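# Structural features, examined
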Amino acid sequence: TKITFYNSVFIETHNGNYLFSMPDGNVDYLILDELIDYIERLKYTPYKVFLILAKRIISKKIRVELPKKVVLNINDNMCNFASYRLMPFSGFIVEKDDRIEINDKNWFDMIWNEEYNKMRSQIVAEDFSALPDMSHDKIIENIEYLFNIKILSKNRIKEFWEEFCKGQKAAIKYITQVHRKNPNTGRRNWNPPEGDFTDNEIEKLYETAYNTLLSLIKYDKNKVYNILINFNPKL
Amino acid sequence: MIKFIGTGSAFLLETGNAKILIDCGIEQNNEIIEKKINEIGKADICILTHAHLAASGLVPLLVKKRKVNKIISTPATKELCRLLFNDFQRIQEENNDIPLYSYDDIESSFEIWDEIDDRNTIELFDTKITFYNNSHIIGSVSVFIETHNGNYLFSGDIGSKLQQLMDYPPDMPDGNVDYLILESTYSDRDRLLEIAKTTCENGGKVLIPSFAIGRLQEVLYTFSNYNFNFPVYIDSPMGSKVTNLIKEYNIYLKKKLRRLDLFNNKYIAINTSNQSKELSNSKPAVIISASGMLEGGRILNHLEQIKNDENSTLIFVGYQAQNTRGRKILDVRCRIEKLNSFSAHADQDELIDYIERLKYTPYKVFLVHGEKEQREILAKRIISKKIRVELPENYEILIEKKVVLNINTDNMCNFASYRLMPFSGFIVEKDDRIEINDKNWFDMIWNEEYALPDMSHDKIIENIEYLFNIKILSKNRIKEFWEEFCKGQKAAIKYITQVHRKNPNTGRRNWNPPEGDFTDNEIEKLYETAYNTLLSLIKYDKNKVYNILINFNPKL
Amino acid sequence: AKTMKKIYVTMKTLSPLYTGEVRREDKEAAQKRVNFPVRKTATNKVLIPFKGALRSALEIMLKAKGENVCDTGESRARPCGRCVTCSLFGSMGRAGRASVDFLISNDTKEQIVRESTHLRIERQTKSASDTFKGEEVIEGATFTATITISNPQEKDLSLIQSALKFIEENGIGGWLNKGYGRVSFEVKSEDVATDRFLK
RNA sequence: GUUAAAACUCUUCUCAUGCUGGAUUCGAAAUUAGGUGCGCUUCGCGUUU
RNA sequence: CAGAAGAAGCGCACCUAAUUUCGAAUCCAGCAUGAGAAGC
Ligand SMILES: [Zn+2]
Ligand SMILES: [Zn+2]
């Protein structure tokens, strides 16, 4: 930082030859009638003068300025009205960890829909609030067979237990959703059985999974947990 | 930051999110041109000031090497460059030197070519490019690249007061130009028609060499106002093509000349080569033909009939470059004369007056082209105006436009894991600073402060409704009117003028004909109703045009 | 180990090409303007999935030879982990030795992607019943990818080359039976050291 | 009005180190830029032996 | 201060640019080390 003193501190960096208040070198920022000649004496007229006087020196073809996170506008049709170029804009300033965005109503509408979908899809009817019949051994036999072949998996048994904690009705909803044969694809959400088979047999094992899980929802929680804990040791 | 590549000349302005290019062109080695073209890199935009080969010649080479995504220019510069690039490829192939690009590169260059008028602010890649007329040729504009780290005015070739087709005072960014890129320069108007008077009264033919772009039209506009009794004739496919370009793009010329025909008939264009052979055998006429520097062209079949005839003259109405036959016989059994008054470039004074009419004095004026000798005396005179100047034989402040909140962000909540505040304010764009400002701002500024035809909004909707159900106005017509209106307002005037123009030979417009049992007179009143209705919609603002036109064409 | 195969794959597009946009925001932005958007990067380059095409190619050819390969095209089909396709491109036990990159264009979307009008004509009145717009990749556009095979084996470049020929015949991307996606592949293979970056 | 009363088990010292949500699965299947419009209008192979 | 090479006219319009399926499944969730030292 080359500094020189005049009858005036002429610091000469690479970001501009600043001078707080006439050297013969190029002067970039002048940190400033008698006043006008001082600027006229400087060769290579300064880019900005940091100061009634401003009106005149603007008309002397010179820029003025009269005395944190980066702010990014996202909102752009303006108008001349009341001299300065301008637009009406109502919006939202958001304060990010390294920036300040200036968003509009469409952003808030987007995040309103994104939050409302989260809100509305958290409670599903009688949470924590005509089933077929099966003997306990038959439930053990069918869950064991459909656990060896990969239909009732540990993720399926886990997600059965989580919904059955939330009541019988949510468990029937989950089992009906997994067994549902989509009319456009002809496919159920069961994981397909491993081992060579035939589509009638595969459909009957899917039906067996539907009836064995549905006959387990009528049982007591502790009895359901003690049936499934022999297969998925977590839950 | 700006890099001055220039063989080829170009101005790459790396903003930091794009590579915007100004005036890729070559006036005159193909391999060093290709290496210098490879030196630029992938550019997002290639802005053309004017349609001269000194600033547009390398544009198809850039789409050969796939280094440009969009070629924006003026709508008359584009049409000019169609003829310009096919003529350059005709000459290059014809010379038997290996073509630098191909006609397919011309076509594909016009495939990615967008076009905007003057005073139309585009916003591509966090920048604001706006064109302003500078009166060099038709469609010649200075370019305002308003970035965040500086606002740059590329002047281009500034025009002169000698020009008569384009409005003289060169339009300049109304705001603040940080860095300015000027091109340093390289009353005999009455004398032309006068010496044509004496020559053709003496019984000779004035054979004026004229450049096909700008020059020939200036010469013809001279003769087409000074009532030269003897007939005036242009002889050049390209010269007459640009004559029809000037008549078609009449709305892009001077405001007085925007009420047209512009050339006052007078010229009887010689179309075929055989007619030019006939006129060369024919014995008092004004041959405003076009080979440029007495090179190959429709001049040379007429050159011999003047070359031996001392009674005729050969009026050199242009600069005559070295290694050309024209400079050789400029510097001969005929009268030779020179009139530099017909010049399309400025002189040093007009460059200074173009630089003293900005709102705020530019920080650095980069001189780029011109003679290296004359660039020095221009530099000395503008340093005498206390203005920093960086010559191109040489190689610094960091201007940064910022956005000020000016609203108190205390009372602020988190709703959807975002720390937000609904705020009502009045954002302002000040020179160098965008300032969001509360109603307190409007208050203070409130107490401080306080052509196209005309139809009511309902009249416009009712007329477009009737013409849509009479099938004069269609969804395609509304689509292309919106397309030309998104290029500016003069492009839309030229569109509706072209569609509404009754052809003098066939009496046929380009309007879609009506549906019903209408008669001829009523059909013409509906055509004029369509013309005045769309011209009344040109006056309205773009956001007022859109909701009017969306109830007829939902996709434009 | 101790070497890694690198297959530098260069696509030139012979017929037009369509691979649709997968990103919901980019697709929903572009379905306002064009009914079939093309897959595009955020740096405005064209993105083609390449691992699944090479897998699917080798599964069809090795099932047609009679060599044992599993099917990973059937719905929720567990990979076997024993076949050569499971060694090259992966199973549920071991990851894929071949790390196929995305086919990324050497040029920008405003240079090789065009918007096109497609129709449905009524077979009897020979008149347009449907009109859609789709984005296609122009012919001659160049795409590049690196198939980076860790733990190299002898038949792992040739099968890839074999699969490339299948992708040359059948096509890559979408609309493969309407003629879209016929391409040419040029190959440059190198056995890079696994410790090449250690300076 | 208690072999009482009076006197803080106090100070110093991080549950730390080692371990990548990884593996498997192609936005593609269905849809012809099609439909409407005539290179036409004007000019005798003259004249001359 | 940049390119240039038997007549005539015309070389324009209009529509459509949508629809539909799928958006699941599966494995894993362990182990090891240290339990003391020092002042008042
Ligand atoms: Zn020029
Ligand atoms: Zn396998």
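Residues numbered from 1 in each chain as written, not as in the entry; some residues may be left out. Chains lettered and ligands numbered in written order. Part of a larger assembly, values for the part shown. Heavy atoms only, no water. Residues with missing side-chain atoms left out of burial classes, pairs and counts.

### Observations concerning the sheet that holds strand β11 (residues 206–209) of chain B
All names here are of chain B. Within the open sheet, the 3 strands sit side by side as β11-β13-β12. Their pairing is parallel. A strand with exactly one partner marks an edge of an open sheet, and here the two such strands are β11 and β12 (232–235). Sheet twist, expressed as the average angle between the axes of neighbouring strands with direction ignored, equals 20°. Of the strand pairs in this sheet, β11 and strand β13 (residues 286–289) are connected by 4 bridges, and their pairing is parallel. (Pairing = 2+ DSSP bridges. Helix = DSSP H or I, 4+ residues; strand = E, 2+ residues; numbered from the N terminus. Axes fitted to C-alpha atoms, helices over the stretch in contact; angles between N-to-C directions.)

### Digging into helix α15 (residues 457–469) of chain B
Residue and element names in this part refer to chain B. Helix length check: α15, at 13 residues, gives a terminal C-alpha distance of 18 Å against a target of 18 Å (1.5 Å per residue), a fit within 8%. Residues of α15 that are buried: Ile460, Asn463, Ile464, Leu467 and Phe468. The buried residues of α15 occupy an angular sector of 130° when the element is viewed end-on, so they sit on one face. Exposed positions of α15 whose direction lies more than 90 degrees from the buried face are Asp458, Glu462 and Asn469. (Expected span 1.5 Å × (residues − 1). Buried < 20%, exposed > 50% of the residue type's maximum accessible area, 1.4 Å probe, protein only. Arc of directions from axis to C-beta.)

### Some details on the interface of chain B and chain A
With 47 residues of chain B in contact, the opposing surface of chain A contributes 42 residues. When residues of the side of chain B that touches chain A are traced back to their parent elements, those giving at least two are β20 (419–430) and α14 (439–449) of chain B. Its residues assigned to classes, the side of chain B that touches chain A shows 29 nonpolar, 6 polar and 12 charged. With 9 bridges joining them, strand β6 (residues 86–95) of chain A and β20(B) adopt antiparallel strand pairing. If you follow A:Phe92 over to β20(B), its bridge partner there is B:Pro422. (Contact = heavy atoms within 4.5 Å. Nonpolar A, V, L, I, M, F, W, Y, C, P; charged D, E, K, R; others polar.)

### Thoughts on the interface of chain B and chain C
Of the residues lining the interface, 6 residues belong to chain B; the matching set on chain C comes to 8 residues. When the two sides are added together, the surface that chain B and chain C hide from each other amounts to roughly 640 Å², 35% of it contributed by carbon and sulfur. For the chain B face of the interface with chain C, the top three residues by lost area are B:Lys42, B:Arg66 and B:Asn69, together amounting to 71%. Our enumeration of links across chain B and chain C arrives at 1 salt bridge. The partner of B:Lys42 in a salt bridge is C:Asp107, with the nearest N and O atoms 3.3 Å apart. Here chain B is connected to chain C by 4 residue pairs in polar contact. (Buried area = accessible area lost by both parts, 1.4 Å probe. Salt bridge = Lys/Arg side-chain N within 4 Å of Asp/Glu carboxyl O. Polar contact = N/O pair within 3.5 Å; in protein donor to acceptor, adjacent residues only side chain to side chain.)

### With respect to the packing of helix α6 (residues 168–179) of chain A against helix α7 (residues 199–217) of chain A
All names here are of chain A. At their nearest, the axes of α6 and α7 sit 10 Å apart, and the two run at 180° to each other. Here α6 lies roughly antiparallel to α7, going by the angle between them. Of α7, the residues touching α6 (which contributes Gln168, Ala171, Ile172, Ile175, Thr176 and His179) are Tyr206, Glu207, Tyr210, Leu213, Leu214 and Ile217. (Parallel < 35°, antiparallel > 145°, perpendicular 65-115°, else oblique.)

### Concerning the coordination of the zinc ion (ligand 2)
Residues and elements named next belong to chain C. Of the protein atoms, only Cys70 (SG), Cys80 (SG), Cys83 (SG) and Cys86 (SG) coordinate the zinc ion (ligand 2), at distances of 2.3 Å. Geometry at the zinc ion (ligand 2) is tetrahedral, judged from its 4 donor atoms and the angles of 102 to 113° they form at the metal. If you list the donors of the zinc ion (ligand 2) from N- to C-terminus, the spacing comes out as C-x9-C-x2-C-x2-C. The exposure class of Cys86 is buried, given its relative accessible area of 3%. (Donors = N, O, S within 2.8 Å, 3.2 Å for Na, K, Ca; no water. Tetrahedral: all angles 85-135°; square planar, octahedral: opposite > 155°, others 65-115°.)

### A word on the nonpolar core
In this structure, B:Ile208, B:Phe223, B:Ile288, B:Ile464 and B:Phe481 are the most contacted members of the largest nonpolar core, which totals 105 residues. Considering every element that reaches this core, the biggest residue donor is helix α18 (residues 520–539) of chain B, with 8 residues. Once residues within four sequence positions are removed from consideration, B:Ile464 is found in contact with B:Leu473, B:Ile478, B:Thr533, B:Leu534, B:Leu537, B:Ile548, B:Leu549 and B:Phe552. Core analysis: the second largest hydrophobic core is formed by 37 residues, C:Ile7, C:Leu54, C:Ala163 and C:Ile167 among them. (Core = buried A, V, L, I, M, F, W, Y, C linked by side-chain atoms within 4.5 Å.)

### Re the coordination of the zinc ion (ligand 1)
By definition of the ideal shapes, a tetrahedral metal site with four donors has angles of 109.5 degrees and an octahedral site with six donors has angles of 90 or 180 degrees. Residue and element names in this part refer to chain B. Bound to the zinc ion (ligand 1) are the protein donor atoms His50 (NE2), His52 (ND1), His136 (NE2) and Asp157 (OD), situated 2.1 to 2.3 Å from the metal. For the zinc ion (ligand 1), the 4 donor atoms in the first shell make angles of 74 to 172° at the metal, a pattern classed as irregular. Donor residues binding the zinc ion (ligand 1) come from one chain and are separated in sequence as H-x1-H-x83-H-x20-D. Taken together, the residues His52 in the loop between β4 (43–47) and α2 (53–56) and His136 in the loop between β7 (128–133) and β8 (141–146) connect sequence positions 84 residues apart. Residue class for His136 comes out buried when judged on its relative accessible area of 5%.

### Quick word on the pattern of salt bridges
Per the stated rule, a full pass over the model turns up 40 salt bridges over all chains. The partner of B:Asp432 in a salt bridge is A:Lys48, and the shortest N-O contact between them spans 3.8 Å. Here the residue B:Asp432 occupies a position in the loop between β20 and β21 (433–435), and A:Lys48 occupies one in strand β3 (residues 48–50), the pair thus bridging two chains. With relative accessibility at 22%, the residue B:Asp432 sits in the partly exposed group. Judged by its relative accessible area of 11%, A:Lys48 is buried. B:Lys490 is the salt-bridge partner of B:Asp118, the closest N and O atoms lying 2.6 Å from each other.

### Remarks on the protein's contact with RNA strand D
Residues and elements named next belong to chain C. Taken together, 38 residues lie near RNA strand D, and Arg39, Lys51, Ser91, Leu119 and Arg123 sit nearest. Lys51 places a side-chain nitrogen or oxygen 2.3 Å from a phosphate oxygen of RNA strand D. In this structure, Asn177 approaches RNA strand D through a side-chain N or O atom, which is 2.5 Å from a phosphate oxygen. Those elements that provide at least two residues to the surface near RNA strand D are α2 (51–65), β5 (113–121) and β6 (128–137). (Near = heavy atom within 4 Å.)

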